[PDB]
Amino acid sequence: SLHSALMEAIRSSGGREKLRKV
Amino acid sequence: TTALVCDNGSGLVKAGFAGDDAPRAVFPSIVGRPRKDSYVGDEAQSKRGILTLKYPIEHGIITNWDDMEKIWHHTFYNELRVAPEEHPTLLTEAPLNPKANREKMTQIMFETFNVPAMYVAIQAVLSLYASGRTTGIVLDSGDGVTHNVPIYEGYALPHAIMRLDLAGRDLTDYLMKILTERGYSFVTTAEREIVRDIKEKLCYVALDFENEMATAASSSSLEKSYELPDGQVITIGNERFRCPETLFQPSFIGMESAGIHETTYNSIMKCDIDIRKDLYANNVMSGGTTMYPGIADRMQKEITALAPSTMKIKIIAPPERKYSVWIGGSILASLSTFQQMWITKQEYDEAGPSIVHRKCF
Ligand SMILES: Nc1ncnc2c1ncn2[C@@H]1O[C@H](COP(=O)(O)OP(=O)(O)OP(=O)(O)O)[C@@H](O)[C@H]1O
Ligand SMILES: [Ca+2]
Ligand SMILES: [Ca+2]
């Protein structure tokens, strides 16, 4: 499921560090 | 091919680039005309004295599409300095945004701004994502509207969304009211801006209203001074917490509506019994009107009184609550797994504006 892969990414991708400081 | 993230609110626009940790531009959602021929955003505000202002987004909903187009054009070209045809654009919308409104946003982005791809996300959901969650109930209180949005695994549950037509603008107006009882007269548009600063700096949510009023009546320990722009210094007391108390008791401004603690409980109680514990344990605050010191503790107390005794109640109040919607959009739009979910220009051309319902939910 495509939605669950996105949800799993939102919970455990680590995106929030990965955001560039600006 | 860098995506843009535009969070359009009743009071403030937050715009920037997906992958950034902060919006590049934050400016009032206003179009001013002389009292050139129109000014948008930060022009129109610093130049306010010679302008009449219109707000294209009211109570969380776009009500003036011509001026909303100006806000978007000003966001693309003046603030972010990009050509929208070169960038996928993530837009935000209020919960329970009418179908015709979402289609009109979609048609404008594709036919007027010619974006290559776009997406419309519910603001409360992006705030939940910014907190590292995909399940929870969000209290989103902004300038024009307040919502309780239960969300299960990325899906907002529209049947259980609650709406309270009371937010920061009304609290500013109410504080203008009650400051007059102390003998201070704040009337003008410039004086409204001062009272909004008073609210944002000095107001808080009392843990128990009657105890706090008795404390305020018998001492000056809750009084705080505030320097006006002309140097004069005023002192405010129980108005500090009487102003945000309206969120919990809307009848203070004559609204026949339940306060945000009861609407939270009722929204949970409209969800499937199966998911309620997860909602109670994941109460996420978002929006500028949830910034008051003490609001989390009061919500914890009030919901504990309503919920079963064994339930675990946690209120999450992140420090970047004013910007959680935008941050959540920046995260979402920059995810590798998200890219198949953009509405492309070809999909729009083959389905019409009703593609937004199919793809955004
Ligand atoms: N520290 C604070 N304390 C209390 N209120 C605040 C604080 N900071 C901002 N606000 C209020 O938050 C409101 C703006 O918040 P936000 O940017 O989330 O609203 P919006 O997105 O423009 O509106 P909406 O979501 O209702 O369409 C303003 O009314 C402002 O006065
Ligand atoms: Ca908002
Ligand atoms: Ca005007």
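Indexing begins at 1, ligand by ligand and atom by atom, following the structure's order. Here is the naming used below: chain letters follow the sequence lines, and residue numbers restart at 1 for every chain. Reckoned from all heavy atoms, side chains included, excluding hydrogens, waters and symmetry mates.
Applying the 4.5 Å side-chain rule to ILVMFWY residues, one finds B:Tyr155 in the same cluster as B:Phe361.
The protein heavy atom nearest to atom 2 (C) of ligand 1 is B:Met291 CB, 3.4 Å. Closest to atom 25 (O) of ligand 1 among all protein heavy atoms lies B:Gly142 CA, 3.6 Å. At the shortest separation from atom 30 (C) of ligand 1 among protein heavy atoms lies B:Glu200 OE2, 3.1 Å.
Listed by number with element, the atoms of ligand 1 under 4.0 angstrom from any heavy atom of B:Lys199 are 5 (N), 11 (C), 29 (O), 30 (C), 31 (O). Residue B:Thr289 approaches ligand 1 through these ligand atoms, each under 4.0 Å from one of its heavy atoms: 12 (O). Of all atoms in ligand 1, numbered sequentially from 1 with element shown, those under 4.0 Å from a heavy atom of B:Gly9 are 20 (P), 21 (O), 22 (O), 27 (O). Of all atoms in ligand 1, listed by their number and element, those nearer than 4.0 Å to a heavy atom of B:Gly144 are 23 (O), 24 (P), 26 (O). Close approach of ligand 1 to B:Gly287 is summarised as follows: ligand atoms under 4.0 Å from at least one heavy atom of the residue are 18 (O).
Considering backbone and side-chain N/O of B:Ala167, none are found under 3.5 Å from N/O of ligand 1. Below 3.5 Å of separation, one finds an N or O of B:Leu12 facing an N or O of ligand 1. For ligand 1, none of its N or O atoms has an N or O atom of B:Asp140 under 3.5 Å away. Distances between N or O atoms of B:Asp143 and those of ligand 1 include at least one value under 3.5 Å. Geometrically, ligand 1 and B:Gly11 share a nitrogen or oxygen pair separated by less than 3.5 Å.
For the atom pair NZ (B:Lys359) and OG1 (B:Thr106), the distance works out to 12.0 Å, reported to the nearest 0.5 Å.
For the pair B:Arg169 and B:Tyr55, the cation sits on the ring face: its NZ or CZ lies under 6.0 Å from the ring centre, inside 45° of the axis.
Among residue pairs with one or both ends in residues 277-299 of chain B, those qualifying as salt bridge (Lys or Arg N to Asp or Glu O under 4.0 Å) are B:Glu245-B:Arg298, B:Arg298-B:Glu302; sequence neighbours excluded. Within the structure, every pair that satisfies the ring-ring contact (aromatic ring centres under 6.0 Å, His included) test and touches residues 182-205 of chain B, not counting sequence neighbours, is listed here: B:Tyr204-B:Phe241.
Under 4.0 Å from ligand 1, heavy atoms of B:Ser10 appear from its side chain as well as its backbone. For B:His59, no heavy-atom contact with ligand 1 is shorter than 4.0 Å. Within the 4.0 Å heavy-atom criterion, the part of B:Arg196 lying near ligand 1 is the side chain and not the backbone.
Residues B:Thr172 and B:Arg196 have side chains that never bring a donor and an acceptor to within less than 3.5 angstrom of each other. Side chain to side chain, B:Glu193 and B:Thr189 fail the donor-acceptor criterion of an N or O pair below 3.5 Å. Using modelled atom types, one finds a donor on one side chain and an acceptor on the other under 3.5 Å when comparing B:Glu103 with B:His357. In summary, the side chains of B:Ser330 and B:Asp20 do not present any donor paired with an acceptor at a separation below 3.5 Å, with no hydrogens or angles considered. The closest side-chain donor-acceptor pair between B:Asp143 and B:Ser10, if any, does not fall under 3.5 angstrom. B:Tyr226 and B:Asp197 share a donor-acceptor pair across their side chains, judged by distance under 3.5 Å alone.
A ring-centre distance under 6.0 Å is found for B:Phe27 and B:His74.
Under a 4.0 angstrom heavy-atom cut-off, B:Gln123 registers as lying outside contact with ligand 1.
The heavy atom nearest to atom 6 (C) of ligand 1, considering only B:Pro293, B:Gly288, B:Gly168, is found in B:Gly288. Ranked by closest heavy atom to atom 8 (N) of ligand 1, the top entry among B:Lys322, B:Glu58, B:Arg321, B:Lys14 is B:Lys322.
Salt-bridge check for B:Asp37 with B:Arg33: failed, with every basic side-chain N at 4.0 Å or more from each acidic carboxylate O. A salt bridge links B:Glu93 with B:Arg102: the closest approach of a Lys/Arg side-chain nitrogen to an acidic carboxylate oxygen falls below 4.0 angstrom. Contact check on B:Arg242 versus B:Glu181 returns a salt bridge, with a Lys/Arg side-chain nitrogen under 4.0 Å from an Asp/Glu carboxylate oxygen.
Protein N, O or S atom count below 3.0 Å of the Ca ion (ligand 3): the structure gives 1.
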